[PDB]
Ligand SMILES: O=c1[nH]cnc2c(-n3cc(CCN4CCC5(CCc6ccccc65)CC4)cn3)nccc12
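Next up is one chain by itself, shown in structure tokens, the form deposited without this ligand.
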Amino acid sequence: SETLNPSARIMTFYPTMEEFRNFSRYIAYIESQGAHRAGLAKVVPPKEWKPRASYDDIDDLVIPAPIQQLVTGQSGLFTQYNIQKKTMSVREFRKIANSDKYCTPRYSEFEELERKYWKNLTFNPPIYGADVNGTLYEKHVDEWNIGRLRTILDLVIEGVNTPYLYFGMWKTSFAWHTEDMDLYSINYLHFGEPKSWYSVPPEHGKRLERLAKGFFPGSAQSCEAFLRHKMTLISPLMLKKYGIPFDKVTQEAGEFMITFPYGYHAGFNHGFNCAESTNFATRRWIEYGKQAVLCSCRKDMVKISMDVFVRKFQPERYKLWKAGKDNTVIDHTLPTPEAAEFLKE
């Protein structure tokens, strides 16, 4: 397993229609190939598959709580604050996103747009139409249906077992984080301009945390898991300066990204777009869930009770865990047990 994907580079996968039909089996397959070591993987669906016939009929969809992303900082180190804005429609959002004030700058190569993002992060705070309860999948679509993946997570939270829509514009950001309870996530870009991602391998996540704590000493003092506030922006130049391994990938319309337990990621939208996401689990997640370091400083943070998971999937350790003496050590290289059928017996 420490043999497979030794560089922990982001892998891209092109399932056949037949493989694509079985969601959890395909996740086990990509873990059999080492995809989880990166923390992020791209899955390009078969060209004939579409979750919806068209996106011409959603201009009246409501975005109840858009947020305006205020950013403060310099020299690759920033804090993002969310300002709640008034309810709006998709139509109204698209209008703003494509206006002269907020639209994507002219550029040639990706590297130029990336430079502009990091130069212009603190100016012209954009509006992100984030965390909208809903789905854009037609009700007949049974493949990779983010509204009903039917993983073991269903034994249990909005956006967490439920689908959320995210309407982006240029320069809207997602800060460095892992998922709630160190879950997996899935993200489909339904339409529009790209989304760019950065990732750090799970095996290096503790290294990122230590660097972050040193860069943001005040936030670290007041919370054990301050990165879960989703307010900390760190440029790739700053990671490179302190030897944190990372990778980058651009997700285009019609592509999925999978994030893996304890996979730190961040990134930004290129322009007007719409993405759908939720969390999911495999059997390997349960150990992550049990060991996830949670935000100590806010009430109403997502906290899942692991009890139901430990009783069912780990009966031999239940009494030991319930007493606080389960000291299992996670190996980030190991694929989930479901991957067995794709590995030498």
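Residue numbers run from 1 along the displayed sequence.
Form deposited with this ligand bound: not shown, discussed below.
Undergrad: So which stretch, 49-57, 285-293, 314-322, 300-308, is the one near this ligand in the entry with it bound (non-hydrogen atoms, 4.5 Å)?
TA: Among the candidates, contact is made by 300-308.
Undergrad: Although this ligand is absent from this view, report whether residue 116 comes within 4.5 Å of it in the entry with it bound, heavy atoms only.
TA: Contact check for residue 116: no, nothing within 4.5 Å of this ligand in the entry with it bound.
Undergrad: Is the gap between residue 177 and this ligand in the entry with it bound 4.5 Å or less for some heavy atom pair?
TA: Heavy-atom contact with this ligand at 4.5 Å: present for residue 177.
Undergrad: Would you classify residue 248 as touching this ligand in the entry with it bound, given a 4.5 Å non-hydrogen atom cut-off?
TA: The answer is no: residue 248 has no heavy atom within 4.5 Å of this ligand.
Undergrad: I'd like to know if residue 270 sits close to this ligand in the entry with it bound, meaning any non-hydrogen atom pair within 4.5 angstroms.
TA: No - in the entry with it bound, heavy atoms of residue 270 and this ligand never come within 4.5 Å of each other.
Undergrad: Can we say 128, 159 and 166 each have a non-hydrogen atom within 4.5 Å of this ligand in the entry with it bound?
TA: Answer is yes for this spot.
Undergrad: Going by heavy atom distances of 4.5 angstroms or less, which of 262, 93, 197, 170 would be at the interface with this ligand in the entry with it bound?
TA: That would be 197.
Undergrad: Identify which of 213, 85, 150, 230 has a heavy atom within 4.5 Å of this ligand in the entry with it bound; exactly one of them does.
TA: Partner contact (heavy atom, 4.5 Å) among the options: 230.
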